[PDB]
J.: 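What follows is a single structure, and I will ask about it in a moment.
Residue numbers begin at 1 in each chain, while the letters A, B, ... track the order of the sequences. Side-chain atoms are counted along with the backbone in the values below, which use heavy atoms only and exclude waters and symmetry mates.
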2 protein chains.
Amino acid sequence: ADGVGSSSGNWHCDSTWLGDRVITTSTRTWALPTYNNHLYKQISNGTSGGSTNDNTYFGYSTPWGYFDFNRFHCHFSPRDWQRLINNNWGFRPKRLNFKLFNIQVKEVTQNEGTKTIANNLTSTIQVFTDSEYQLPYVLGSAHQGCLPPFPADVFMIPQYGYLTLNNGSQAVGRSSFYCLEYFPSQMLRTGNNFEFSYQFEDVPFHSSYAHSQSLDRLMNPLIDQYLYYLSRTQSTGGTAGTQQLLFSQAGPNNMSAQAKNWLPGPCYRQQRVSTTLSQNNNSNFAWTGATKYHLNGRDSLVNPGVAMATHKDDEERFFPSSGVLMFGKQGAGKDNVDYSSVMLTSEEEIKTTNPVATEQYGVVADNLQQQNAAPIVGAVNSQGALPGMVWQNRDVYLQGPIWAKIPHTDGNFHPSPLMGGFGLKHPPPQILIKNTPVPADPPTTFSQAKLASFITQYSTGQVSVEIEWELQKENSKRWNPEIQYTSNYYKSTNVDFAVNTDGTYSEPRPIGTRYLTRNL
Amino acid sequence: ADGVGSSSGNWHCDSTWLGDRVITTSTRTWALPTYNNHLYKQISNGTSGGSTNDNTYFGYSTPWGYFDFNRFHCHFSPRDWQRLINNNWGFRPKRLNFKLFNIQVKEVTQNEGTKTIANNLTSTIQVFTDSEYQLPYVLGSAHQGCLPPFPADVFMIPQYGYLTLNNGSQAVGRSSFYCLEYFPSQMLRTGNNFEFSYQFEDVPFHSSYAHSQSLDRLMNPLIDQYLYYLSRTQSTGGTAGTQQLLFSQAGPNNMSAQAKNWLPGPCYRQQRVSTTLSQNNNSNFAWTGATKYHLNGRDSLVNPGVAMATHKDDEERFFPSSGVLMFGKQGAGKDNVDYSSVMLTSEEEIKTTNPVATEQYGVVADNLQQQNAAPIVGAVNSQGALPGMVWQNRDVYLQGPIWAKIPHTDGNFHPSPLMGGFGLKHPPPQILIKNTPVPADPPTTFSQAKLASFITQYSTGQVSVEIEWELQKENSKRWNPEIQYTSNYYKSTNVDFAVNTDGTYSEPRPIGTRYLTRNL
């Protein structure tokens, strides 16, 4: 039986590779403080201050914290991630299991300048999952506070808050307020533990691979087509330019002119930025020249956007302004940090099926020609979905988000998250946790006012999350060797994906998921 | 039922990866000519000519050919070899299956200057396996004539011959002569096929991995040893050098002085050669300065020799003269070809457990010291096996031999082939094949002389070899990513391990089998 002298659970970290399943499991140590002195608070920012109209919000910050495991490096070691991306075409999550155990609640008190900390054995914490998704779902925005990548780290649990409809800083009539104490929650003392199990809905495998064929090269290089195209509108070789309609079969000589069954994926253009500083314009175009969308009078930057190739062949240095996911190196500031600190992801692999982010989708005619009027062709900067169009989703990264919640709406088009991930209508429920408030001594004469004086308190414990993953094994007749993800062979001051002299775990580079090839 | 109008078998090339087994299977088209005009012939080379005493031999060349599949690239595509070496610690062969089918026998005749070729439907070929190993076993010497690496190539079957005891060019009394027609053999016409199955004896897994620890670093870096060593024989800091015995515990500061349980593998020194030309001596030392062994008055070069590290840290350019396996690039001559054409293999990975090929094993004392006599320490160039000694075998390569036959002898020490491979007491039997001689028209009057006139004839057909391999899966708790074998990411004129514009299949580099790490 449970008690103060027996542990509620054991430490488990593994990856079990069996057949087409891999079961990854993680355990971390967390510390949950008291947020907002146990208060709900209205929070808002209006345009009255230096804030612009785009940055206005209205919402509430709660006392509650929440667990976020939504990043891959929570569930995978760099070596486990290497087994995955080298040997497999696809993977999808199946089920997860989640546990809290070994909970300590501790009171801390100040006397003059000295601090002291003592166990409080009778205190509780409150934990519930929102199984029914009745709360604003705050996961999937790529917020900080996930379990650390490295298992020996102890992390602080992030505070829960949410945003609601606003006009300026003020709230409208449809604005909702949620009291989290109004759900049923389990209360745990130091001998109690918490568990639940969740099963993922059927979701398509993330495709981890690149195409070994571009979309326009699917043809046989040897053979002509029986179809014809319009090769020349004018008389050739004549002393007069008299117009004449001449047709030709497209063939190995002109492939660009052949008939084709499919079209590249949709395009929404990004502004191109060069890593070489001299090539860029001299100005600040970051916000002004940015690609934005306009929703209810507020312009929101489009980030990262629809999945589009970062750059074309033999341009390494150019990247779309908002187009790529950008990760920071260990110990990087939050504000105006130099380029050397960020790690730019790149989509190389989707150049085959997807247009380049920084270039036009194509060119269409602007006019009806006449013998008098010359033909005019305009560029297509943004192109929605057309029939016969194929595309790839953005690639997941070891540092990136696993899933997002598909908004509940009448309709959606290809509901896959633009940060990359698995779109889920019923994602893993978000787990909320709070220290139960313990009052400081009340007065001896009754007063109606609520008690504003509490014992300063925090809790720690252990958390285990276990996800079963389904694998799609690579089966390929390719003769020559694949590209693999490999560590650098040459010597270095310190090992990649390992602690340094000071004990700081760092991740050198973002690791994409597609090294394998398939036929398009 | 079989006949001239039905095929005897089907084309099969696959690698089936299932569980801990991989079954590789290959099929090739072969052409078997008539060797020695259907004659056995004595062959010898004596010292009377320009030949030296080391190059003398006595033996026989037969009419027979033989099939040799003994190289890995027969059974593995470069991609199948990549799955193997990246994902696995070890592998060993289990059983094989072998087939001849779709046999054509063709007669060719000359009329004036024109050639013509026609099927001969009634002719046979003779095939037997030496199951009992009663013949000189000629496989495992790394001779040419193996099935081509690339399945679309048609290869010529090599002629069978063997060597026997000699004195000079002359034969001694123990010299043996073998008539191959004196075994039972199966005779096949164009509708017949041949098959047999062989099962490998239990053999240790080839170890494909490197050690992540050197043999001398197995210690804990944090903690001292309770053992002592002799640190100083002389008085320190004194105005006199009076000798005094001072002892110390070895620790993190001096690791080289700690007590250790094990010793590096055995050493037989090689001469060191630099790829930089200026650094080498100016002379021809290739034969003279070579490391040789002396057997019955003949000096034989030691090649490649006992497994030893090619070079130490931060020397790329040096290699042992005879120490490394040397493969040629596609289309390289057989004689005095330049360095650019050969591909030098290297053992990097065994630096941990094995001494460097070009350096001394260690140093031992040459004398008993006295107050009068100074201590003298000699180098150990060659070192046999000592108790408490550990070593790694040489690495197998995609281009290298799979197995060798362990000589039948009273005793042997660690019977593993020095070219690398699996030492087998009962290796796969060698398959012998010959065109049955068909006489040209005999005279109409009887003559006792054997018939010297035959119909010029050759045969072609298909050959399938199928080997089941047992795998030892890699199970490792290493956090950071492994080194993997990967193809080059950058653009190139033509793909590696693929045909060029002219249709010539080439292999760019030798591919070793050890990219994974284990703890020593």
J.: Less than 4.5 Å apart, any side-chain heavy atom of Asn86(A) and any of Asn86(B)?
T.: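 Not touching, per the 4.5 Å side-chain cut-off.
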J.: Take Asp314(A) and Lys491(B) through the side-chain contact (heavy atoms from CB on, under 4.5 Å) test and state the conclusion after the steps.
T.: CA-CA 10 Å; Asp314(A) 288 344; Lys491(B) 64 177 68 180; 2.6 Å; yes
J.: Set out, in order, the CA-CA distance, both residues' side-chain angles and the distance that settles salt bridge (charged side-chain N to carboxylate O under 4.0 Å, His left out) for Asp80(B) and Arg478(A), then state yes or no.
T.: CA-CA 9 Å; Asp80(B) 287 342; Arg478(A) 176 177 178 168; over 6 Å; no
J.: Just by modelled atom types, is the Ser487(A) backbone N or O under 3.5 Å from a matching donor or acceptor in the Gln484(B) side chain?
T.: no
J.: So which residue, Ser15(A), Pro481(A), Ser476(A), ends up with the most heavy-atom pairs under 4.5 Å with chain B?
T.: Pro481(A)
J.: Pick one of side chain, backbone, both or neither for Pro149(B), based on which atoms fall under 4.5 Å of a heavy atom in chain A.
T.: backbone
J.: Report which part of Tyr515(B) has an atom under 4.5 Å of a heavy atom belonging to chain A: side chain, backbone, both, or neither.
T.: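 Interface part for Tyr515(B): neither.
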J.: Considering only heavy atoms, which portion of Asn87(B) lies under 4.5 Å from any heavy atom of chain A: side chain, backbone, both, or neither?
T.: side chain
J.: At a 4.5 Å cut-off on heavy atoms, which part of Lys473(A) comes close to chain B: side chain, backbone, both, or neither?
T.: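 Interface part for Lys473(A): neither.
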J.: Between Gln82(A) (side chain only) and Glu482(B) (backbone N and O only), is there a donor and an acceptor less than 3.5 Å apart?
T.: yes
J.: Give the minimum heavy-atom separation between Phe497(B) and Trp479(A), together with the two atoms involved.
T.: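 In terms of heavy atoms, the two residues are closest at O-CD1, 3.2 Å.
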J.: Please classify the contact between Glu348(B) and chain A as side chain, backbone, both or neither, with a heavy-atom cut-off of under 4.5 Å.
T.: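 Side chain of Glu348(B) only, per the 4.5 Å heavy-atom cut-off to chain A.
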J.: Looking at every non-hydrogen atom in both residues, tell me the closest pair between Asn480(A) and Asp496(B) and how far apart they are.
T.: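 Scanning both residues completely, I find the closest heavy atoms to be CB-O, 3.5 Å.
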J.: Taking atom CG of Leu18(A) as the centre, does the number of heavy atoms from other residues, nucleotides or ligands within less than 6.0 Å exceed 12?
T.: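 No, not enclosed.
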J.: Using the side-chain contact (heavy atoms from CB on, under 4.5 Å) rule, take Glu474(B) and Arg83(A) through it: C-alpha gap first, then chi angles, then the decisive distance, then the call.
T.: CA-CA 10 Å; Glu474(B) 172 274 336; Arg83(A) 294 182 180 87; 2.9 Å; yes
J.: Is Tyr490(A) close to chain B through its backbone or its side chain, or both, or neither, when contacts mean heavy atoms under 4.5 Å?
T.: neither
